[PDB]
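**Q** Sharing a structure with you now.
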Amino acid sequence: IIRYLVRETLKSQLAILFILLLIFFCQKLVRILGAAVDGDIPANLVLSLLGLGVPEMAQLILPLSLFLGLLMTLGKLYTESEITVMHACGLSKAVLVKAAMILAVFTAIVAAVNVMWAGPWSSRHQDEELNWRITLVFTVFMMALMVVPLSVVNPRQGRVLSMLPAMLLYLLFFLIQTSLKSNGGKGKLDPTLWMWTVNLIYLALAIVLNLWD
Amino acid sequence: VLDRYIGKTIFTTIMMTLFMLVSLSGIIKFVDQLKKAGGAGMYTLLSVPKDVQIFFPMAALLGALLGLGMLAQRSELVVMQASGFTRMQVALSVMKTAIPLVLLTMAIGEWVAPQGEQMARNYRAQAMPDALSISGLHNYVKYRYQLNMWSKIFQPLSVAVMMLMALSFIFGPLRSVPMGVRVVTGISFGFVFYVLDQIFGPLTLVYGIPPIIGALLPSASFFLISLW
Amino acid sequence: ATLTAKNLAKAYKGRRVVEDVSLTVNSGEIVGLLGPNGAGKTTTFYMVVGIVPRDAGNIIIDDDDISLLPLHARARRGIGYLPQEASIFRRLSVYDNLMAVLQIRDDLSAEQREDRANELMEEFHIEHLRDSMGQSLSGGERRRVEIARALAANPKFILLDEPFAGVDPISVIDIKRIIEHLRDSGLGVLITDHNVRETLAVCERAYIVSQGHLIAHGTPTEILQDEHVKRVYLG
Amino acid sequence: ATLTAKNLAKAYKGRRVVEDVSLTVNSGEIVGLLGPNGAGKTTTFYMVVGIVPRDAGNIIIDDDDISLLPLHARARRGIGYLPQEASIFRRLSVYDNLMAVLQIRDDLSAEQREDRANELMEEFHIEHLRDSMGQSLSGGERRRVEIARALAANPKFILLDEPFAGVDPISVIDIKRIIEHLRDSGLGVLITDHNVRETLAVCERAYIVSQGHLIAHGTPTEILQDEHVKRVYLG
């Protein structure tokens, strides 16, 4: 079986996830992690620093990890021209989007736990609307459908510039998606329910590019 | 000229990696600032050039290594070595196109990035220091961080050493055509220089030192460590 | 069965490379597509299999015009393709590649899949490299397992580009015997090569292309008799 | 000048591939290194140029043992290498590649640089593709500009691996004339190929390798007379 797609791209998944979690904590893992060797040693200094910033950067970078690691090595596969014979053995785009949704649901469980079981930890160790938990497990569920035809690199006109139309579309997503949730308020407070629609309107231009008829 | 070619590919990937970091961290700040405080359209360029000054050399590391590895996998570096390039392509190419990209970040942090946060400070008035020059430091001496900002000013060469022995690990790899399995180890084994260099700083004071050579030793020892 | 193209054309940035290229292949036929450098062979193959957007032409299987239908449904209709540059999987092993391609074969169970894989590894003699990882092979075994994973799909028509690249002559004559035995099975093949003194021994008839101009076609004795192409391409 | 290796050895994961391989080349000599698939040619080339860490052997220029000195200082000592797989620059143009390699030549000014570049593009006949971008060429022009950027550095010794890959025979005989004219200039060359019926016409003597075992060496008539290698490699 050609399950190799998920087995290869999960390496890039974990690689880009760890290399982008140690960055954005560089100025903490330098400063306070170095000052703790001489100055002060409690347990909840390094544990406090580990608890600093981990849930929102988890829930934000792990979708980025998916649509950037699925861009990188699968574009290497395109530019080493391997899909042009894999494609040429009775397959279609269906097998790539099936592999993409399989790796996306494999990361859906960690994308689920780093909100659902990191919430009360965030309360207790950070004090020191429920549609959002469907939109967040949906926004990893859509990038696997979105980037698979978007970086479809030709063997003769190839480049790394293809990451820009996959990152700015996520940015025009995520400037709006969290700003419409700061409208309204907390919990049972009610802003406009157009966040029920922006996910669907992104599913629309996902699925047309995946169709291409 | 291979100088302007390798500068072309590293510059075109380095804009990508810098955008990918700073436009991410901008929305990192945007989501919790509009969570707690707040209103519509200033928060993006609220904090851009100081984020450039922070995230520039790490993006330099990541992009230079990743683009040079993507070029390197298709045997271009081994055939340019076969024609007669050496460490000289590193020295007068990747340095020669990367440290002029850190001179203007020093320019942004000397010229306008303190004003880049002054604009944020005096636009805080609708709601409810590690960035300076010598003009406070020599009176702070009479008033520690006695040469810590002096070391902060001195970083075209720390980024050079940061990047240099890092991409020395990608100058080599030749087991078959090793396919980027170790560029992650290259950025890993080169990442710990911020863990060591900035924290060797507090180690200097404890037994009596001139902080000039106290800052110039850990930066230049790793310059000397891997001259292959 | 019969695949036929009629007056193909392809260009980019004004510099045209293909004009009025036509070709005809039946089921059970060995046709060749020799030509000098930059003649248009791989672009013709691109227009046949549906890699590039064609500017003119008619790809038809004599009754169904699939000329605006993309490659994956073309391969489901039954053409076979091999890339010019090397395109093996770059972490698998050899048996992993072959059995993974044979999973798509919807005609036989997995014990016959591993049976056919053992037959192919025995028949190309790669059993003493059958468990090496993919990306670190040498060029001879890499092109040999390219031809293996191409032939494993069993199409009606099959297209090759330089199948003899970096191959020692004993394995060349081996692959010659394999393709002519599949011609005895009755499966049409189209070949582009540069080793002419081993390519002409197997091919039945041979289209000759020079910068879009299909300047010759016929038997090996006539295309060797042609003083035009002896000036243009042979020397 | 003279390059000589003595009893090379290389292995990985227990499976040894090179045992006691030795070779000898002088200045102004055309030696060949034919062999079947997986014989050890490119690994021998790796141990000569210093790509892989050698397990045993002596790379020496008859007076200076450079066998533990890496590749860039080896090329500054004056060996020449060409990769087996294609390794052109993948955004430049052809003249850009040639003049960029000729910038390293520290013996002549830039007007003689562009003069030599014009001579090489005229002498390989690539002037009608001289401004195409690099990565989108065809295989014939790609290998031709590989040989061009290899020959442009002017070393004392030069190593090739499959210089005839995907090349039409007129350009093959052209490159044959170029290398034998540089033999008239007196520069030693080492060649690995598979088109034997065009490789033997140019080579002076030919080492033959089979799985580490240097089983034969001599004149073309003797290595064609050998019924061992006719069984092993020719057929």
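The count begins at 1 with the first shown residue.
If you check the header, you will see the structure was determined by electron microscopy, 4.3 Å.
From the backbone N, Cα and C atoms, a Cβ is placed for every residue, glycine too.
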**Q** Look up the topology recorded in Swiss-Prot and say whether A:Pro42 and A:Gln157 end up on a common side of the membrane.
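**A** No, opposite sides.
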**Q** Taking A:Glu128 and A:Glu129 as the last and first modelled residues around a gap of 134, how many Å apart are their Cα atoms?
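**A** It comes to 23 Å between the two flanking Cα atoms.
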**Q** Apart from its near flanks, which chain residues at least 6 from the ends of the transmembrane segment (A:99-119) lie with a Cβ under 8 angstroms of it?
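**A** Tertiary neighbours of the transmembrane segment (A:99-119) are 3, 5-6, 9-10, 13, 54-55, 58-59, 62-63, 66, 70, 133, 136-137, 140-141, 143-145, 148.
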**Q** Would you mind listing the long-range same-chain contacts of the topological domain 'Cytoplasmic' (A:73-98), meaning Cβ under 8 Å and 6+ residues beyond its ends?
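**A** 2, 5, 8-9, 11-12, 144-145, 148-149, 151-155, 158, 162, 210.
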**Q** Under an 8 Å Cβ to Cβ limit, what residues of the same chain, 6 or more beyond the ends of the topological domain 'Periplasmic' (A:35-51), are close to it?
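**A** The answer is 28-29, 121, 125-126, 128.
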**Q** Taking a Cβ cut-off under 8 Å, which residues six or more beyond the ends of the transmembrane segment (A:134-154) line up next to it in the same chain?
**A** 59, 62-63, 66-67, 70-71, 74-75, 78-79, 93, 96-97, 100-101, 103-105, 107-108, 111-112, 115, 162-163, 165-166, 169-170, 173-174, 177, 195, 199, 202-203, 206-207, 209-210, 212
**Q** Provide the three-state DSSP residue tally for the topological domain 'Cytoplasmic' (A:73-98): helix first, then strand, then coil.
**A** 17 helix, 0 strand, 9 coil
**Q** With a Cβ cut-off under 8 Å, give me the same-chain residues at least six positions beyond the ends of the topological domain 'Cytoplasmic' (A:155-159) that come close to it.
**A** 78-79, 81, 84
**Q** For the topological domain 'Periplasmic' (A:181-191), give me same-chain residues lying six or more residues beyond its boundaries with a C-beta closer than 8 angstroms to one of its C-beta atoms, as numbers and ranges.
**A** 129-130, 132
